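>>> Mind folding the following:
(one chain, ligands or ions: 1)
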Amino acid sequence: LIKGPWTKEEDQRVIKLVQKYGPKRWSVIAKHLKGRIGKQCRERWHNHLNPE
Ligand code: NA
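Numbers count the residues shown, from 1 in each chain. There you are, the coordinates:
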């Protein structure tokens, strides 16, 4: 599956998964999110959820 814009639910899940696995292991994190691959989760984290 392929998803477009991120939902608030997805964002919250990414936050919880990063807490569990660390801001890495993106492939593992992505396995829990339907329609998302590792790089998408990585970019969402660095650009939107935890910006510098
Ligand atoms: Na996925």
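>>> okay, CA-based contacts and neighbour counts for the rest of this
OK.
>>> residues in this protein within reach of the ion, list them.
Contacts of the chain with the ion, taken as Cα under 5 Å from the ion, map to 30, 31, 33, 34, 36, 37.
>>> what residue is smack in the middle of this protein?
By Cα atoms, centre = their mean, the chain has its centre lying nearest to residue 41, at 3.0 Å.
>>> before we move on, the earlier item: so which of the residues of the chain next to the ion belong to helices?
Applying DSSP state H to those, the entries found in helices are residue 30.
>>> Can you tell me which of the residues of the chain next to the ion is closest to residue 11?
Closest approach between the residues of the chain next to the ion and residue 11, by Cα to Cα: residue 33, at 10.3 Å.
>>> The closest residue in space to the closest one that isn't next to it in sequence and the ion: what is the separation?
Leaving aside its sequence neighbours, residue 33 sits nearest to residue 10 (Cα to Cα, 6 or more residues apart in numbering; 7.6 Å). Plainly put, residue 10 is 11 Å away from the ion if you go by Cα to the ion, to the nearest Å.
>>> do residue 7 as well
Note on residue 7: its distance to the ion, by Cα to the ion, is 15 Å.
>>> got the residue ranges for the helices in the protein?
So, for the chain - with DSSP H - the helices run 8-21, 26-30, 38-44.
>>> Just the CA atoms from the last one would do, formatted as PDB, please.
Written as PDB, here are the backbone C-alpha positions of helix 38-44 (Å, rounded to 0.1, in the frame of the first residue of the first chain):
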ATOM      1  CA  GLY A  38      11.800   3.200   6.400                       C
ATOM      2  CA  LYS A  39      12.900   6.300   4.700                       C
ATOM      3  CA  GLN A  40       9.400   7.900   5.000                       C
ATOM      4  CA  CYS A  41       9.400   7.400   8.800                       C
ATOM      5  CA  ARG A  42      13.000   8.700   9.000                       C
ATOM      6  CA  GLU A  43      12.100  11.900   7.100                       C
ATOM      7  CA  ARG A  44       8.900  12.500   9.100                       C
END
